[PDB]
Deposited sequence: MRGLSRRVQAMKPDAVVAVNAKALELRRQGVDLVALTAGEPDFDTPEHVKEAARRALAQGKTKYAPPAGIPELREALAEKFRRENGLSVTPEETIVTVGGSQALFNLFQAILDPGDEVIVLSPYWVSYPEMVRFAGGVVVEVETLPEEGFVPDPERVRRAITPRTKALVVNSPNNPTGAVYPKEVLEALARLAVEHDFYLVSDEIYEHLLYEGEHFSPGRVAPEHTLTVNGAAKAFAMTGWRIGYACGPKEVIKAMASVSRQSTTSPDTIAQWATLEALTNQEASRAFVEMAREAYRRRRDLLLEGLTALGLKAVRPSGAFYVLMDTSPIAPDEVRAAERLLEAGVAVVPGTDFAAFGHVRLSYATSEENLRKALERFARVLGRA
């Protein structure tokens, strides 16, 4: 018989426009990384790499996680994947049996529920409130815990809210994982795009319960390179490598060598990060002041490069709001898929010039 599988069928799908929809940096990847790619090419590093990644990168990864995040991990508790998205996908395929529950915090990144469902898992949503700065209340999270809870996904700095969760909240969530015996999945890819506060990694207190996901995509403007990395309990990392072996085999070898340079040349990478960070902060401040002057509401973000804007004054719902803004000349992302109803996601990974235009057009819509 022909026909698609159930898992795949259950899956969810001359005008001048100013686009504020980007999910990737506007900067190009820094030259030290590009140069390392060039050396790898000339050195013929074009062969298959091990499923978990070239050993040199795994070693550098163990250093980064300990040095930057205070995580006590060995090279064997580290894995290189085809983007942070594959680290999350392999993780769910490795820990979820049909019916296992995963607590997700809304608004959430679009891919989380999809990946959980694709593995046969059940999504259990816990909402974070705009009035609480989109920071989870551990008390609301406890109520979502059942005997079937397998994992809890935390994403700070957050996409799409831009919220940075305080260490006390993160410690409280790590404690629930330990007390109730489940995995804490910490998506930390925006760690370096932080304007205020500190980036705390829950793996610092509960390493055997925490799976830390990260990558080069957002920090080093390497979205198209497809290199992500994770660390955590040795047995889970081993299982994740098994999934890669039977799907992608291993990430692009040239990209792995280029990523090694981003991690080892701390001086050049630090210079890129500080430059981008300062640019993003100026853009964020520019946007927020403008929105406030218009009377539009948005919780001030402390990280990433997104702003969730309440659309109540523009239309009855976020899709109608998004279509009106489109007519006005501004492309925004409706909050529907992120479970951010009544909001629209704005991205400031564009020029100040474009942010000014967009504010002019919002003005006209009001």
Counting from 1 along the deposited sequence, which stretches lack C-alpha positions? 14 to 29, 383 to 385
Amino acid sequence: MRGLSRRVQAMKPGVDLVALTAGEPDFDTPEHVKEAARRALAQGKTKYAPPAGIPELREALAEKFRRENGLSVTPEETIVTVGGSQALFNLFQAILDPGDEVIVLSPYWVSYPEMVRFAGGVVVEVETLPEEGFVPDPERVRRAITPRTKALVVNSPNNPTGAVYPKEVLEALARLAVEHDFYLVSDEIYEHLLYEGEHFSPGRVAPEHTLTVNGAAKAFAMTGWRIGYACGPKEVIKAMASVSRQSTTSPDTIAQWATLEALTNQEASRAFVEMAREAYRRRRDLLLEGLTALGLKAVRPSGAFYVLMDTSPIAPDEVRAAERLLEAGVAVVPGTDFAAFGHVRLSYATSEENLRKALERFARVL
From here on, numbers count along this sequence of modelled residues.
Thinking of the other compared PDB entries, is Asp16 one of those residues unmodelled in at least a third of them? yes
Test of understanding: from the entry's C-alpha B-factors, which stretch has the higher mean, 278 to 286 or 67 to 75? 278 to 286
Averaging only over Cα atoms, indicate whether 141 to 149 or 217 to 225 has the higher B-factor in the PDB entry. 141 to 149
From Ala62, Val299, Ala339, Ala36, can you pick the one with the highest C-alpha B factor in the entry? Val299
Can you tell me which of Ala49, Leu57, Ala315, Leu41 has the maximum CA B-factor listed in the PDB entry? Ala315
Splitting the chain's C-alpha B-factors into thirds, which one does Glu188 fall into? lowest
So, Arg324's CA B-factor, relative to its chain, sits in which third? The highest
Ranked against its chain, the third holding the CA B-factor of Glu198: highest
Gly133 - Cα temperature factor, lowest/middle/highest third of chain: highest
Assert third(CA B-factor, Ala177) within chain per record equals middle
